[PDB]
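Here you get one chain, nothing else, as structure tokens; it is the form deposited in one PDB entry.
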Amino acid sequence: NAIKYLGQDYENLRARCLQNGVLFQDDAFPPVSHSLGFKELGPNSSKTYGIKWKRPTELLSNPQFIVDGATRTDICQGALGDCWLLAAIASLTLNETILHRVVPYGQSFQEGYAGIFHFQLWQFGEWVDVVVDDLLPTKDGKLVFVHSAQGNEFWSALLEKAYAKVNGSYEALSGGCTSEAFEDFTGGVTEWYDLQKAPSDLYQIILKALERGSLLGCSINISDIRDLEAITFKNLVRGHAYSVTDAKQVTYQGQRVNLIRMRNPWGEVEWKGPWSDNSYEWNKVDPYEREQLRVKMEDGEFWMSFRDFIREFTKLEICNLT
């Protein structure tokens, strides 16, 4: 059983809030500017001034903790430098077992709701249960930071809040390492690969890792400063964490081609090269493969050939667990 971060006891706090007829407000991570940040999100910053803390039950008549499953399309980045974290959460959703260790079952805005939620993380060398109240940063009625493509779904916003809490503020999340989030969700072992020196069996390594439910992420180093822009000519984002979400082989004019699928945690802005959603390559595979694999949607998720992947990307991170 997870031990309680700061000694805060989820079920006890929830039960006592319900008894006392109030909603939880978290003394350890309160709905004030110091929970937002210290510089870019500090008390006197332009960003801080626009933000009002509001509960999902203040925003909507029918807020939901999870809608149609806790899945990667529920991870759409907001105005914060936490792409590394969000890439990790998106990858986490592909492994139901680990997902629901981090996101406990049984949390809702209906029966038993008292304005408090909890998540479990690997921290300080322990599995720790972290509570949050459900006051969330909003501007004009919309979440400022992470949000789901399902506008009434709140689990991922609440998990990002819990992760900010253990790190001190949302601003403390700006700029980071995907592998650190992977570890914090698993207590597993992380390794990384230099794609410009890829082992010859790297694609099989990826296949095996995906099959076992390991977490995979990738990025493109900014080698100059951000000279050729943050965005490459083919619509990739440099210095930015992507989730690796599948690896599948297709038959392209009668020959096997290894593909890899990844997802930009923005939930938008995708590769426009071969195998992209609108590319001509799809016209020359088996119709069944096309139907199974290709999804024509601006959703941040796309395929690349493994060959193009290892040319365009520079780093692959893998977190292996038990």
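If you superpose the two forms and keep the largest set of C-alpha atoms that fall within 1.5 Å, you have the rigid core. Residue positions are given as counts along the sequence shown, with the first one as 1.
One more form of this protein, deposited in another entry, exists but is not displayed; see below.
Looking at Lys272, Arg261, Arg55, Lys47 after a core superposition between the shown form and the other one, you find that only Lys47 has a C-alpha shift of 2 Å or more.
For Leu228, a C-alpha deviation of 2 angstroms or more is recorded between the shown form and the other one after rigid-core alignment. Shown here is a form in which the CA atoms of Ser305 and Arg226 lie at least 3 Å closer together than they do in that other deposited form. Annotation: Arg226/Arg311 CA-CA distance longer in that other deposited form than in the displayed model, change of at least 3 Å.
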